[PDB]
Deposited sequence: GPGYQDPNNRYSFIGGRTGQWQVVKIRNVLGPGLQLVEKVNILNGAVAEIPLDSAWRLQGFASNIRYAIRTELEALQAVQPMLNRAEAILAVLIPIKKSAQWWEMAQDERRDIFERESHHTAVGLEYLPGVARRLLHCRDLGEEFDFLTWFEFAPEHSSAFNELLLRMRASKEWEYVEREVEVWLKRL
């Protein structure tokens, strides 16, 4: 539907693949371009990822207000670089209660506080796909100007050192350049 998005790796698309880092677990086959389509769905395509936009799961009102105060819009003119990061979390994560996951997410890991410092440099989108039976749980999307490449790379090193990332069992970085 309107909230469903598909990412198709192949020879066509609006984004050129700069590199793919297989951070953790099985990776994705290297391709020339990524085609992004609004909806569900590839002759010379190597892989296909899909997720949906959904409601807030963890952020509290005060956190949303801070985010909504500075987060930039998508498709900025200077935002020619983008990074697609599919992520999967362990079964131990999904069996835990809501309060247990909230505490790890922000209290122990400060996911929102840490990321909020890298705005408005980085725009972001979050898509869910575990409920669709996909091989990943989330598709995360970030786009920024080349100036913030080092800053974004620093954020990744920090996030991957948090308690939350002890439950990440698969992760891939797909670096993209807008055409």
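Unmodelled regions of the deposited sequence, numbered from residue 1: 1-6, 48-50.
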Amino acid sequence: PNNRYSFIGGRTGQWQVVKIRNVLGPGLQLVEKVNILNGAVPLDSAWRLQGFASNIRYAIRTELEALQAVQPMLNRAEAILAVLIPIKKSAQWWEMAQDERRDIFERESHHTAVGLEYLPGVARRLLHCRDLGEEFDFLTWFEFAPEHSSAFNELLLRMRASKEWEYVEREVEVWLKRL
From here on, numbers count along this sequence of modelled residues.
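Per the records, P42 is among the residues left out by at least a third of the other compared entries, whereas the shown structure includes it.
When the mean C-alpha temperature factors of 8-16 and 153-161 are read from the deposited coordinates, 153-161 comes out higher. Mean CA temperature factor is higher for 74-82 when stretches 74-82 and 95-103 are set side by side in the entry. Comparing the listed residues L43, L37, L28, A59, the entry records the largest Cα B-factor for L43. Between the residues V114, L132, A53, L139, the entry's highest C-alpha temperature factor is the one at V114. Split the chain's modelled residues into thirds by C-alpha temperature factor. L64 is in the middle one. Looking at the C-alpha B-factors along this chain, the one for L126 belongs to the lowest third.
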